[PDB]
Amino acid sequence: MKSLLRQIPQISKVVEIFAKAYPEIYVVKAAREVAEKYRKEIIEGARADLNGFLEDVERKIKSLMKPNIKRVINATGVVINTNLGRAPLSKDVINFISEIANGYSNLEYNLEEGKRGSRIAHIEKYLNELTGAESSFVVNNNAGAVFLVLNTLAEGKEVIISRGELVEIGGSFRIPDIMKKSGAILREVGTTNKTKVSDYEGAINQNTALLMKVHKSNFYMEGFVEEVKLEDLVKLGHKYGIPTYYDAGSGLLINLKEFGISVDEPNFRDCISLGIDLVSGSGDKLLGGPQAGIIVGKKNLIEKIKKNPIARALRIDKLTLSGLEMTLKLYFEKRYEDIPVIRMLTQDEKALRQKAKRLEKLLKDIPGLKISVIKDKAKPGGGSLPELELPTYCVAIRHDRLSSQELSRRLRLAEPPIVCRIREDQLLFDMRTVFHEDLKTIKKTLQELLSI
RNA sequence: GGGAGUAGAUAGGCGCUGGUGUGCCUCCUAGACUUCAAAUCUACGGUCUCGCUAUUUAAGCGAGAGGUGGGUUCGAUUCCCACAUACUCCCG
RNA sequence: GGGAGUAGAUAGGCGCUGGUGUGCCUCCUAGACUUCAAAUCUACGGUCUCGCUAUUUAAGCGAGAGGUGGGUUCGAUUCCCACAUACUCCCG
């Protein structure tokens, strides 16, 4: 027992084995981790050999020297992929962020008056113009955007909402569970599938401080189903003197039909010009910018929200703020194609095949590869457009040696890693989400796994 | 004087390491080598000590200590704790 | 790959039954009968593995396997459960 462990060398001795091989710091860390795995494996009597030690210690070093979060090549064809980090950023934005983070900036400083200033002041100019709302505000994310409006205007008082709009988006967010913690009392009207206007108007009373509607972003209902029109709820509010609050969620900044895609998804400008008092949404969904809770509406309300002592715990960071301004700057200049998420969904059907076969031309040489391009209909929107179904070209592949399952697995372990769909033992690569500079990296990773 | 930080050798200065210590530089001594010097290289080397044989001394041989003590642990130079000391910083 | 639906013999295909399994069809065979055929009819029949008796062989017989195990029960081929395996459909 006590000889199968004395064996394990000394950390000073393996540090030497890797003089300039690897940084001394990373070597000792790998030696300790490895030194402990052999002390316990020999104590339980499951190891008789120690030759695996030297080879392993170097593997920990090779592993411990790489950050965990890593860029990932998305081949699934889902633009708003909740799991892969939603809306990706254009180089233009990322450099504007790079520069403001490089050194000091006038984040909370107004250069004119030479005294402290509100950091939320830089942006709001853009929002008010783009939406048409009276005033605006921005916080960490939309989850908090909701929580803030409720605790600001309905703490202790009733909020009416349709029983079909109490959603569970994400793993931890649930309108009913957060609104609870929001301090607002929840008044659910109508039924799951159907909800008329009479349901809303019927539950109003002395405590009703808010009429709230949530947009079913991550799901939808078909069959016998009724919903309350937006113009109707504005009318109902202005009748009793109650505010209207729409949680768009998708955070669509513009009309979407303007780009060829025909859908009813709501957007700020239009929802604002409808008579709604407040509107919110995430910046990293249909806006295509960094994570951000966006609120626009009546000035008297925005000012009530801002003054809330909880807004300081949600106030946005220096990175997303800047990055959001450049994203908004692009919107004013109509540079639509510059923002990843808008370009990916409004891409020419022709455009997609053009990239579908430019990849197939790069994989015909690789050994054992069965390459075919198929025209499939998928659902692009992951966290904002549930029903949408648009055509896109998938380059379906298949190797004689390895199986589709094992294939996805190694591809997610590659550097860079690639995540893709699987359908009937045929790995699939949706080109709707693939950047050009990835095509070269796709071919170089597949040739390293099948010819190695 | 009161706190706190940095700390520690078993030739000497610095740095490291849960594997019974070790690497860099220096000193010393020794060896190798070198026309001379230098350079270079090497050392289960060195301190203290104690104990053993002889015992005037010489001479040969064996063992332990890491400021001190304790603890964890298969194993502590490494880690914890307590006290001491050195250097430094703040206060009366 | 994950779910789910269909499932299973003790000659072989289909159907049934809490009564120690059974009906239709086939196979194999066998027997009966008819001037001849043809037809028809009939069968406490049948596998495996092991074991047993006789033991040259025959020949006869016993056990269990109804995928495997378990349970309920007076009795399980039936019912349930678990695992595994075969056919099909939904999802990643």
# chains A, B, ... in the order shown; residues from 1 in each chain; ligands from 1
call {"tool": "select_by_dssp", "arguments": {"residues": "segment 253-436 of chain A", "states": "strand (DSSP E)", "output": "number ranges by chain"}}
result
A: 278-282, 293-297, 369-378, 390-399, 418-419, 421-422, 427-428
call {"tool": "select_by_dssp", "arguments": {"residues": "segment 107-152 of chain A", "states": "alpha helix (DSSP H)", "output": "ChimeraX atom specification"}}
result
/A:121-131,142-152
call {"tool": "write_last_selection", "arguments": {"atoms": "N, CA, C and O atoms", "output": "short mmCIF file (atom, residue, chain, number, x, y, z; two decimals), in the first residue's frame"}}
result
data_model
loop_
_atom_site.label_atom_id
_atom_site.label_comp_id
_atom_site.auth_asym_id
_atom_site.auth_seq_id
_atom_site.Cartn_x
_atom_site.Cartn_y
_atom_site.Cartn_z
N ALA A 121 -27.67 58.35 -19.88
CA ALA A 121 -27.96 59.54 -20.69
C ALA A 121 -27.41 59.49 -22.13
O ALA A 121 -27.98 60.10 -23.05
N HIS A 122 -26.31 58.79 -22.33
CA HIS A 122 -25.68 58.71 -23.65
C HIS A 122 -26.58 58.05 -24.69
O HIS A 122 -26.72 58.52 -25.81
N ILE A 123 -27.17 56.93 -24.29
CA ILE A 123 -28.02 56.14 -25.15
C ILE A 123 -29.42 56.67 -25.39
O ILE A 123 -29.82 56.91 -26.53
N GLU A 124 -30.18 56.83 -24.30
CA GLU A 124 -31.58 57.23 -24.39
C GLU A 124 -31.92 58.17 -25.54
O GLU A 124 -33.04 58.13 -26.05
N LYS A 125 -30.97 59.00 -25.95
CA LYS A 125 -31.20 59.89 -27.09
C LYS A 125 -31.57 59.04 -28.30
O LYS A 125 -32.51 59.36 -29.02
N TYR A 126 -30.84 57.95 -28.49
CA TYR A 126 -31.10 57.05 -29.60
C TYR A 126 -32.45 56.36 -29.51
O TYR A 126 -33.19 56.30 -30.49
N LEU A 127 -32.78 55.83 -28.34
CA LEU A 127 -34.04 55.11 -28.15
C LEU A 127 -35.28 55.93 -28.41
O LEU A 127 -36.17 55.49 -29.14
N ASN A 128 -35.35 57.11 -27.80
CA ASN A 128 -36.49 58.00 -27.99
C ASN A 128 -36.74 58.30 -29.46
O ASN A 128 -37.88 58.46 -29.88
N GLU A 129 -35.66 58.37 -30.24
CA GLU A 129 -35.77 58.69 -31.66
C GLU A 129 -36.27 57.50 -32.47
O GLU A 129 -37.13 57.64 -33.35
N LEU A 130 -35.70 56.34 -32.18
CA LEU A 130 -36.03 55.11 -32.90
C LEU A 130 -37.43 54.57 -32.56
O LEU A 130 -38.15 54.11 -33.45
N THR A 131 -37.82 54.63 -31.29
CA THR A 131 -39.13 54.12 -30.87
C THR A 131 -40.25 55.14 -31.04
O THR A 131 -41.32 54.82 -31.56
N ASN A 142 -33.87 42.05 -19.82
CA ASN A 142 -35.31 42.23 -19.78
C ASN A 142 -35.94 41.58 -18.56
O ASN A 142 -36.97 42.04 -18.06
N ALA A 143 -35.34 40.49 -18.08
CA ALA A 143 -35.86 39.83 -16.89
C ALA A 143 -36.01 40.91 -15.83
O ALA A 143 -37.09 41.09 -15.27
N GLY A 144 -34.92 41.63 -15.59
CA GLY A 144 -34.94 42.72 -14.63
C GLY A 144 -35.79 43.90 -15.07
O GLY A 144 -36.33 44.62 -14.24
N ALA A 145 -35.90 44.09 -16.39
CA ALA A 145 -36.71 45.18 -16.93
C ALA A 145 -38.14 45.00 -16.43
O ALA A 145 -38.80 45.97 -16.03
N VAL A 146 -38.61 43.76 -16.45
CA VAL A 146 -39.94 43.43 -15.98
C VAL A 146 -40.04 43.71 -14.49
O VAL A 146 -40.84 44.53 -14.04
N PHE A 147 -39.21 43.00 -13.73
CA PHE A 147 -39.13 43.14 -12.28
C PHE A 147 -39.10 44.59 -11.80
O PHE A 147 -39.70 44.91 -10.78
N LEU A 148 -38.39 45.45 -12.54
CA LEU A 148 -38.29 46.86 -12.18
C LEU A 148 -39.59 47.63 -12.40
O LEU A 148 -40.00 48.43 -11.55
N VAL A 149 -40.24 47.41 -13.53
CA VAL A 149 -41.50 48.09 -13.82
C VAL A 149 -42.61 47.67 -12.85
O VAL A 149 -43.45 48.49 -12.48
N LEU A 150 -42.61 46.41 -12.43
CA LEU A 150 -43.60 45.90 -11.49
C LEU A 150 -43.39 46.46 -10.09
O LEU A 150 -44.32 46.99 -9.48
N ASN A 151 -42.17 46.35 -9.59
CA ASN A 151 -41.87 46.86 -8.26
C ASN A 151 -41.97 48.39 -8.22
O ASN A 151 -42.20 48.97 -7.15
N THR A 152 -41.83 49.04 -9.38
CA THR A 152 -41.90 50.50 -9.46
C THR A 152 -43.32 51.02 -9.47
O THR A 152 -43.65 52.01 -8.80
#
call {"tool": "residues_around", "arguments": {"residues": "segment 70-75 of chain C", "least_positions_apart": "2", "cutoff": "8 Å", "atoms": "only C-alpha atoms (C1' of nucleotides)", "output": "list in words"}}
result
residues 18, 19, 20, 80, 81 and 82 of chain C
call {"tool": "write_last_selection", "arguments": {"atoms": "N, CA, C and O atoms (P, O5', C5', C4', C3', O3' and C1' of nucleotides)", "output": "PDB file, in the first residue's frame"}}
result
ATOM      1  P     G C  18     -59.497 -16.651 -19.369  1.00  0.00           P
ATOM      2  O5'   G C  18     -58.385 -17.505 -18.617  1.00  0.00           O
ATOM      3  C5'   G C  18     -57.678 -16.973 -17.498  1.00  0.00           C
ATOM      4  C4'   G C  18     -57.008 -18.096 -16.756  1.00  0.00           C
ATOM      5  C3'   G C  18     -57.982 -19.097 -16.149  1.00  0.00           C
ATOM      6  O3'   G C  18     -57.470 -20.393 -16.368  1.00  0.00           O
ATOM      7  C1'   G C  18     -56.503 -18.340 -14.496  1.00  0.00           C
ATOM      8  P     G C  19     -57.895 -21.185 -17.693  1.00  0.00           P
ATOM      9  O5'   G C  19     -57.831 -22.700 -17.230  1.00  0.00           O
ATOM     10  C5'   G C  19     -56.581 -23.329 -16.988  1.00  0.00           C
ATOM     11  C4'   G C  19     -56.796 -24.665 -16.327  1.00  0.00           C
ATOM     12  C3'   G C  19     -57.842 -25.549 -16.994  1.00  0.00           C
ATOM     13  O3'   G C  19     -57.466 -26.915 -16.858  1.00  0.00           O
ATOM     14  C1'   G C  19     -58.508 -25.071 -14.781  1.00  0.00           C
ATOM     15  P     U C  20     -56.507 -27.585 -17.958  1.00  0.00           P
ATOM     16  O5'   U C  20     -55.045 -27.462 -17.325  1.00  0.00           O
ATOM     17  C5'   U C  20     -54.002 -26.763 -18.010  1.00  0.00           C
ATOM     18  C4'   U C  20     -52.647 -27.069 -17.393  1.00  0.00           C
ATOM     19  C3'   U C  20     -52.233 -28.541 -17.321  1.00  0.00           C
ATOM     20  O3'   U C  20     -50.808 -28.653 -17.492  1.00  0.00           O
ATOM     21  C1'   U C  20     -52.248 -27.620 -15.152  1.00  0.00           C
ATOM     22  P     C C  80     -50.637  -8.050 -17.760  1.00  0.00           P
ATOM     23  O5'   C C  80     -49.846  -7.540 -16.488  1.00  0.00           O
ATOM     24  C5'   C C  80     -50.522  -6.791 -15.498  1.00  0.00           C
ATOM     25  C4'   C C  80     -49.695  -6.746 -14.255  1.00  0.00           C
ATOM     26  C3'   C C  80     -48.252  -6.356 -14.508  1.00  0.00           C
ATOM     27  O3'   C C  80     -48.146  -4.934 -14.587  1.00  0.00           O
ATOM     28  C1'   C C  80     -48.332  -8.285 -13.138  1.00  0.00           C
ATOM     29  P     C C  81     -47.095  -4.260 -15.605  1.00  0.00           P
ATOM     30  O5'   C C  81     -45.726  -4.349 -14.803  1.00  0.00           O
ATOM     31  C5'   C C  81     -45.683  -4.004 -13.424  1.00  0.00           C
ATOM     32  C4'   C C  81     -44.470  -4.608 -12.771  1.00  0.00           C
ATOM     33  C3'   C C  81     -43.197  -4.502 -13.581  1.00  0.00           C
ATOM     34  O3'   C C  81     -42.649  -3.203 -13.459  1.00  0.00           O
ATOM     35  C1'   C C  81     -43.370  -6.662 -12.635  1.00  0.00           C
ATOM     36  P     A C  82     -41.849  -2.568 -14.695  1.00  0.00           P
ATOM     37  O5'   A C  82     -40.418  -3.257 -14.577  1.00  0.00           O
ATOM     38  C5'   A C  82     -39.630  -3.082 -13.404  1.00  0.00           C
ATOM     39  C4'   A C  82     -38.454  -4.027 -13.411  1.00  0.00           C
ATOM     40  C3'   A C  82     -37.712  -4.144 -14.731  1.00  0.00           C
ATOM     41  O3'   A C  82     -36.801  -3.067 -14.908  1.00  0.00           O
ATOM     42  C1'   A C  82     -38.084  -6.299 -13.851  1.00  0.00           C
TER      43        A C  82
END
call {"tool": "closest_atom_pairs", "arguments": {"of": "chain A", "to": "chain C", "cutoff": "10 Å", "atoms": "only C-alpha atoms (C1' of nucleotides)", "output": "tab-separated table"}}
result
residue	atom	partner	partner_atom	distance
A:404	CA	C:1	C1'	9.6
A:405	CA	C:1	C1'	6.9
A:406	CA	C:1	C1'	9.7
A:421	CA	C:92	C1'	7.5
A:422	CA	C:92	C1'	6.6
A:423	CA	C:92	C1'	7.8
A:425	CA	C:1	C1'	9.5
call {"tool": "atom_distance", "arguments": {"atom1": "atom CA of residue 431 of chain A", "atom2": "atom CA of residue 395 of chain A"}}
result
8.0 Å
call {"tool": "atom_distance", "arguments": {"atom1": "atom CA of residue 277 of chain A", "atom2": "atom CA of residue 118 of chain A"}}
result
23.4 Å
